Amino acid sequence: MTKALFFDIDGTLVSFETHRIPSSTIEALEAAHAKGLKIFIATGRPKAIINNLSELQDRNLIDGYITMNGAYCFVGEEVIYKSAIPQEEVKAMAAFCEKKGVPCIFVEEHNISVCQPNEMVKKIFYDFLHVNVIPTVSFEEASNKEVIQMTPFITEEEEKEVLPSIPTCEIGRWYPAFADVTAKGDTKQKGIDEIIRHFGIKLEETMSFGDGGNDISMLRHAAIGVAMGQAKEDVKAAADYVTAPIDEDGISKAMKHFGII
């Protein structure tokens, strides 16, 4: 039976339409918590920009975090796993984005920076997602930092063009306009493995929930993968179960279906 729940944030817990968590999702997680489910976040966001979970956090419902697509995982105050991108690949992404004229975010353990931000950074991160403005730094300075995640604002065509210069990194998307890049093997699947190692939970006892391409590995990896009803077809196909759309009680309905609650 299920012991650990892994939730993506954007499009899974938090609606892109309303920018809020559905009330029935909060009630479902309350009920699961009391039954002893462990509740984990599994997000491409770095901690620095997780500004949309206060309802869950203030209710003390979250037992641990997988952030930066698995490249930075912690339980309470304790970091249980982290990684960094090979510096050659950091440099090559910075050079690519600078030449192409596209912005890129560079995330360190305790700092976050953006290089050559444009209005699409503003339109998506600040105005749509209400993320606090990220400080600007030069590509040169960013290219020398110890980087856990890079988030280039590149198309899928630009992604194919920079792929040979990030030969070992993972790349995935939770939103079409940008991608997240992390070191070899660092996907939300890695995050699940680290969290369940910490708690003595078996893979066979896990359930994941997601809406995006960066959820596919964890939808496949968990014993039961749940795709949100509005997810694209390839996300749905990676899941075991497709629930209702987020704003039609999709999380609660899935949890009830399985008898989690």
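The first residue of the shown sequence is 1; numbering continues from there.
When the two stretches 235 to 243 and 5 to 13 are set side by side, the higher mean Cα temperature factor goes to 235 to 243. In this entry, 51 to 59 has the higher mean Cα B-factor, the comparison being between 207 to 215 and 51 to 59.
Of the candidates 105, 79, 124, 71, the one whose C-alpha carries the top B factor in the deposited record is 124. For the set 89, 180, 186, 119, the PDB entry assigns the largest Cα B-factor to 119. Annotation for residue 131: CA B-factor lies in the highest third of the chain's modelled residues. When the modelled residues of the chain are ordered by their C-alpha B factor, residue 143 lands in the highest third. Residue 113: CA B factor in the middle third of modelled residues in this chain (values from the PDB entry).
For residue 151, the recorded CA temperature factor ranks within the middle third of the chain's modelled residues. Remark: residue 95 belongs to the highest third of its chain, ranked by C-alpha B-factor as recorded.
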